[PDB]
Every structure is written in structure tokens, then in C-alpha cells.
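For the sequence shown, my numbering begins at 111 and goes up steadily by one.
Heads up, the beta-carbon is just placed ideally off N, CA and C, and yes, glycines get one too.
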Amino acid sequence: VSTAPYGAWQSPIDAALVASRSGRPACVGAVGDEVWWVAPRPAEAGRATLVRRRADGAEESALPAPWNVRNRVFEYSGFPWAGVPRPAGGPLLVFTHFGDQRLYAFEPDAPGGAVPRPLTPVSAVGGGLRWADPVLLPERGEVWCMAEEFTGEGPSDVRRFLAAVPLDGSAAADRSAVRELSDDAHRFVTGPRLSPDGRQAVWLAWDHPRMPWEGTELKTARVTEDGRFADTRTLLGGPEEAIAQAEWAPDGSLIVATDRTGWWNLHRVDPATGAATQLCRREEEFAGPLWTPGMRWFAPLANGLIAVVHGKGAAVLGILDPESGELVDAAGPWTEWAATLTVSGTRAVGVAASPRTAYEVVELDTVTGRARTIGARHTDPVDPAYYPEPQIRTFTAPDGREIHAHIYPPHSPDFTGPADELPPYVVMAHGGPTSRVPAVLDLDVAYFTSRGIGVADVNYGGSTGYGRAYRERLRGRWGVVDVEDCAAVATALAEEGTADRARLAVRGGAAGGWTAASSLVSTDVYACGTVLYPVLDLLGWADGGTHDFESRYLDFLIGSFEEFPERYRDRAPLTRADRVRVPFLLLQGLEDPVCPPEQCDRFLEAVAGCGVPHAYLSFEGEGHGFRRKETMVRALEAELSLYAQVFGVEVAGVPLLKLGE
Numbered sequence: 111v112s113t114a115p116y117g118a119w120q121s122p123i124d125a126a127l128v129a130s131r132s133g134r135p136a137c138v139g140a141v142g143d144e145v146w147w148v149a150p151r152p153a154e155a156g157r158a159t160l161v162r163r164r165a166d167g168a169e170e171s172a173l174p175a176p177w178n179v180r181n182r183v184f185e186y187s188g189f190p191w192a193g194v195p196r197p198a199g200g201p202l203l204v205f206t207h208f209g210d211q212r213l214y215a216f217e218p219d220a221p222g223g224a225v226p227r228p229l230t231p232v233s234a235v236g237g238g239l240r241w242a243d244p245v246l247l248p249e250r251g252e253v254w255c256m257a258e259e260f261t262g263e264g265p266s267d268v269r270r271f272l273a274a275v276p277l278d279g280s281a282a283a284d285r286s287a288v289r290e291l292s293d294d295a296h297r298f299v300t301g302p303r304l305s306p307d308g309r310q311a312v313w314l315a316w317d318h319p320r321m322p323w324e325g326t327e328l329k330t331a332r333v334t335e336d337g338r339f340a341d342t343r344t345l346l347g348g349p350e351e352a353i354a355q356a357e358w359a360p361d362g363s364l365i366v367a368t369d370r371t372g373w374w375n376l377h378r379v380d381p382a383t384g385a386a387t388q389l390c391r392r393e394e395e396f397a398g399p400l401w402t403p404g405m406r407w408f409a410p411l412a413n414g415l416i417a418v419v420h421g422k423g424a425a426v427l428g429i430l431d432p433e434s435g436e437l438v439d440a441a442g443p444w445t446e447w448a449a450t451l452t453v454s455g456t457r458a459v460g461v462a463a464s465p466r467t468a469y470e471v472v473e474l475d476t477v478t479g480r481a482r483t484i485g486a487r488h489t490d491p492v493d494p495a496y497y498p499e500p501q502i503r504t505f506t507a508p509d510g511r512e513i514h515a516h517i518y519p520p521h522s523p524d525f526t527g528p529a530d531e532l533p534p535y536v537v538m539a540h541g542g543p544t545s546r547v548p549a550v551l552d553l554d555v556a557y558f559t560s561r562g563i564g565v566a567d568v569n570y571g572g573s574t575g576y577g578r579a580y581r582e583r584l585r586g587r588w589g590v591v592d593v594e595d596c597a598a599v600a601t602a603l604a605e606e607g608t609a610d611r612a613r614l615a616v617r618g619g620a621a622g623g624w625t626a627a628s629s630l631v632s633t634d635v636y637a638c639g640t641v642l643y644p645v646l647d648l649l650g651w652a653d654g655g656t657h658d659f660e661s662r663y664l665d666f667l668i669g670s671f672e673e674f675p676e677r678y679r680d681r682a683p684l685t686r687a688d689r690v691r692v693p694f695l696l697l698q699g700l701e702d703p704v705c706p707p708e709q710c711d712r713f714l715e716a717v718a719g720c721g722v723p724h725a726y727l728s729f730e731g732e733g734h735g736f737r738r739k740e741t742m743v744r745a746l747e748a749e750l751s752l753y754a755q756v757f758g759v760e761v762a763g764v765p766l767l768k769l770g771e
């Protein structure tokens, strides 16, 4: 061990390794005795593939490039696949290919191998046709899902409804062959969930200007014999009751996760009256913000037990006995479980990680209570001694309010900083903003901490996982609460003498980019900042400047335009772009439909000539969020260079970012 300036420590973690290991298993699901999930392939044009895990442990990608398992529903991608086991011929699977947004069917065990065949027609009108959250029904020879069909060229010129697509491929070039199960009365809907007897269907629905976490309605209908929906009606829910998920238990009962008590809790629901009964009252979240159709937090098991990812703050998979109210969590090293879940037999399978291990596919068996890794087993790319040791802390702001944050101090088995120096710190603001960041191994974080630069990940007011009230703290306060909370943690760290007050950076992407930009504009706490595909122009954004799903999200964030039109200009970073007095880095994807690159251009034009050192790197072929390995490498090394230059530290492992005024 030797002494070296903070930020200049030699680290075995390069941006290429970081990119290579980015992402996590997602959308897990059981198919007979098999377990499938979506996995990222950053080095394969940033595509996502399907992974098939056989009972005997065999684990391999089921689709080769260029197949890309992802869709553009809500622009964030709804559950992209489905699969059913069959008596002969192997399982039948369907998935949405990102390239043409079509739903495809394929049989992995067919002689010759997987040969995807299209099931849906395309459209040149606006955003065309999109599909997601499917359920295979081979008895009816169809796959049921929710669909998006653009009717105009505007981002909101679209209708959504539940649909039935023929598995025989007769609708591949015939839109009339697609059956509309529900009508298009509701702008936003999720895929259908069929009762075990196949006579009743449910689905979530909502409209502008509400976000699903504000409120949703659980719709229901009788499924006729010929496969149509009848007597559609609202079973429960409303503009202020957030129903995040609904599932049929194998015994025919209905279970939903609602926040009517102030926290998302599981409730049994009378399929006829809609009356709900508490199954486990707790000041813990048993669900989360429904950003895409198909998210699952709980899963009913055939034996009557219920698997549930729950917790206040950190979420962990546990097993609930709705009869005794008893809840037993998984053990093992995993401290955070993602919002994806499936069951098979007495087993519940989810995706979880720890501060020392990347997300793995983990199985919890109800008979033994044993939890074990069954997929994507984590191997250390470098000695785990290079990973930071997270400190889950709650800071107390001026008015006594609690601010939840994850502190990652510089950490390295080979270096220590100068006695008379304190380490610079990078303060991060997650996206959303209605979501939360878990405290697990993240090479993007270790990339900095292993070099001598601390990191502080703040779950500012408005973050999820701490009840409706905490999520509501941000209503009408975007640009103030997120900014102040992040700054509170920063300055508190400096005052405590654990961070260099003069070397604090702020960074974030999407909503987090807005927070970072806003911080550089409305405060002088930071020495520099990194902004990724942010929202900087509110007026532009509100004026048909973003996808349909978030086209009215500002009503929640800053207030309606009808009531607070003045905020749309005052809160906008673009309006005060001239107030940025420190160097910054802007990163953007050129195919971004959520935060169009125009946002950046306008900002850059507003700061030109102000003599503020800065840089802007846009990437062709990248949408909202970077998926290609080469893109991530360049984005991360650029951010590090910015910090090296501003913090007066040397880093030769990355190219020197060219900053200009």
C-alpha cells in the first residue's frame, strides 16, 4: 500500500469492464421446468437476448444477434416475451423484436433450431404498432397482450387496447386478423390476466394527466366462449389509489397490490364486488412505480403461499402465508431484489444482488426456505477488495426531515490518500424521479471509488420504497426538493470532514440529468457536473416534446400548466443556463424519444460565449440511455476526465476530454 492523491489511484477496473458487465437479468419467467429471462448483450450492438435455463442447469442464450428482445411500449418496454411448455416439440415462445417492433413466435427445440416467425402487421402511421405483456393461450391458438396503435404523427396520437393475435401467423400481414379484446377508452392499459377457469380477465388502466403511481383502475370483464370480452367494468381503483399489480391465484381468488393504506400492500379482492381485504398490513412497499406493463412484485404459488418482494427502502424476496400472516424472507448474501418474479412448483425465482455481487437469478424454495443462485452466477472481474463498502445513511435536513442516501467512500487495497487531503465526491441523482436506487455492487460506482473518488447516491424526496407520502413530497416540487436534498447530503459530507468541500461533483441521467443541471444552475455547491439525456426545456417538453407516457408527468412534478404556467419557465434549467459557472459534460443519445437531443442543443446555444468550459458528446444509434458497449466506454471515460481536470488530479487511463467555452 502506498499514498497517492485522491482520484489518481491505479485501478484494475476500466470503463470497458464496466460496460461489459452493465445491465442485469430481467423479466424472469418459468416455462414448465425451465426458467427464462432477458439479458443484455452490450457488445452485440447493445441488443438484449433471451436466456434459457434448463432444469439440469444448462444456461444459454436462446436467440442469436441481431434479434433484440425489447419493445417501445411506453417507450420503456413492457414485458417483452411469453412461453408455455408443451407435451411435444419443446416450448412455444413469443417475443418482441426491437428492430421492427413485431411480435415473433419461435420454437427453440424445433429441428433446425430457433427460427422466429412474425405474427403481427406493421404500420407507417406515426410510431406504428407496438405490443407487450403477452400471455400465450395455445388452446385458443392465440397470444393475448396489450397493444399500441398510432393514429397520427403526434407522440400522443395513439390508441391502446388489449388484443388477441393468432399464433398461426395469419395476422402477420393482415391487421384485420388481430382481435380487439377491450376497447380503446383508456389511453394506458396493461396486458390481460386470466382467471384459472378462463372466464374472467383483469387489467390496469389509467389516463392523462395521471401517472400510474398516482392512481389506476383495475378493469375486469367476462371472457366469453368465443374469446371476447363482455361486461367490461371498473372492479376497483381510482385517480388517487395506485393499483400497481393484479394477479389471479391458482385457486381462483384475485390479489392486488394497492397503496390505499399509504403503502403498497397486498389485498385479496372479491372478483365480483371488488371488495378488498388486507393480507399483510405493513409500513413496507410490496410493489412499486409501474413504469412498464408487466412488472411483477408478488407471485401466488400453486400451494397457496405468495412470493413477495417487499421492504421499506431495500426490497427483499419473502414468502407470505396469507392464512397465518407469516412472512419469511430469503437469506443468503442478496440485499436487494428487482421488480421481476415468477414461480414454479414450490419455488419462487427472482433477480437479486448484494454490495459484493452483481444481480443473479435467485431461487427461493418454500419447502426448505433455502435460497440459491440458478442463473447468471456472479464471478468477480477483479478482487472484491476494489469494491466500495456502502453505508446506508439517513441525513437530517434543516427542518428535521429524513433524506435517505448510500455513501460509497473511496476504497482500495493499494492506496490511501494524502494525510492533509480529503477525497472529492460525486453526488448522483437517480432518474425517474419516481423510483429509487438500490445499494448493490455497481462497477460504475466502483470505477470512481477504486480511484480515490467518493460517491454519494441520494434517494431524494419523491423516491419510491418509502410509502406514498414520501413519493408525494415531490408533487409540484421538482427542481427544488431533488436539488436541495442532494445538496444537503453533499454539504453534510463535507462538514463531517469526509469529503473535500471544494471538490464535489453532481451527476445524473434523465430526471437525474435535470437534477444535475438544475444544481449547477440554482446552486454553487458543485465544482462541476455530468448531465445525461436530461430535461432542460420544460416549455418545449410540455409542448409535444416527449413520449405519450410522460407527456403530462409535469402536472405532477411542477403543477398543471393551467394553474402554474410560470413554473414552466422559472423551473427550466434552460432559462437560467447563463448561471452555470462551472465546467460540465453533456451526454446524449440521438434517437432519444423521451429526452430529444433538441433539449441539449438549446441549452448549449444558451451558454455559448459565457466562457464556461464544457463539452457535449452525442451518440448516433443510441436512444434514451446508452446500450452499446462502445458508447458506455466513451461516456464513462469522458466523465472521469472531466473530474480529473476539475479536481486537479491525473488520470492517463482515459483520453483527455476537450473542454471548451
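- Membership of residue 728 in the beta strand (DSSP E) is indicated by the continuous run 724 to 729.
- By the C-beta criterion, the region 365 to 384 is judged not to be in contact with the region 152 to 160, since fewer than 3 inter-stretch pairs fall below 8 Å.
- Here the region 718 to 730 makes contact with the region 685 to 697; the two share three or more CB pairs at distances below 8 Å.
- Within the same chain, and ignoring the five residues on either side of residue 502 in sequence, the residues whose Cβ sits closer than 7 Å to its Cβ are 516, 549.
- With respect to the 8 Å criterion, residue 686 and residue 369 are not classified as neighbours on the basis of their beta carbons.
- Between residue 353 and residue 328, the CB-CB gap stays under 8 Å.
- Residue 453 sits in a strand when the DSSP states are folded into three classes.
- Counting every other CB atom within 10 Å of its CB across the protein chains shown gives residue 225 a total below 16, marking it as exposed.
- Under the three-state reduction of DSSP, residue 189 is assigned to coil, being neither helix nor strand.
- DSSP places residue 205 in the strand class (E or B) of the three-state scheme.
- Setting aside the 5 residues that flank it on each side, residue 654 is surrounded in the same chain by 264, 265, 266, 661, each with a C-beta closer than 8 Å to its C-beta; the list follows chain order.
- Looking at the backbone, the Cα of residue 251 and that of residue 276 are separated by about 6 Å.
- CA-CA distance, residue 410 to residue 360, rounds to 7 Å.
- A contact between stretches requires three or more CB pairs, one per stretch, nearer than 8 Å, and the region 477 to 494 fails this requirement with the region 507 to 516.
- Per the coordinates, the alpha-carbon of residue 429 lies some 42 Å from the alpha-carbon of residue 524.
- Nearest C-alpha to residue 355 among 450, 309, 320: 450.
- In this model, residue 614 and residue 116 are separated by some 13 Å (Cα to Cα).
- Runs of the beta strand (DSSP E) spanning 3 or more residues and lying entirely within the region 542 to 604 occur at 564 to 569, in chain order.
- Under the three-state reduction of DSSP, residue 622 is assigned to helix.
- The bridge partners DSSP lists for residue 270 are 258.
- Rounded to whole angstroms, the gap between the alpha carbons of residue 755 and residue 769 is 9 Å.
- In this structure, the beta-carbon distance from residue 313 to residue 325 does not fall below 8 Å.
- Annotation for residue 739: the continuous alpha helix (DSSP H) segment containing it runs 739 to 756.
- With a 10 Å radius around the Cβ and a threshold of 16 neighbouring Cβ atoms, residue 182 comes out buried.
- Annotation for residue 641: the continuous beta strand (DSSP E) segment containing it runs 638 to 642.
- Nearest in C-alpha terms to residue 582, of all of 545, 232, 746, is 545.
- At a Cβ-Cβ threshold of 8 Å, residue 407 and residue 367 count as neighbours.
- Going by DSSP, residue 691 is part of no beta strand (DSSP E) at all; its letter is neither H nor E.
- Note on geometry: alpha-carbon atoms of residue 386 and residue 682 lie some 42 Å from one another.
- In the three-state reduction of the DSSP assignment, residue 287 falls in the helix class, which pools H, G and I.
- With distances taken between CA atoms, residue 440 lies nearest to 478 out of 125, 664, 496, 478.
- Judged by their CB atoms, residue 315 and residue 339 are not nearer to each other than the 8 Å cut-off.
- The beta carbon of residue 391 sits closer than 8 Å to the beta carbons of 371, 375 from its chain, once the five residues preceding and following it are set aside; these are given in chain order.
- Straight through space, the alpha carbons of residue 229 and residue 656 are spaced by roughly 29 Å.
- By the CB criterion at 8 Å, residue 618 and residue 642 fall inside the cutoff.
- Membership of residue 184 in any alpha helix (DSSP H) is not indicated, and neither H nor E is assigned to it by DSSP.
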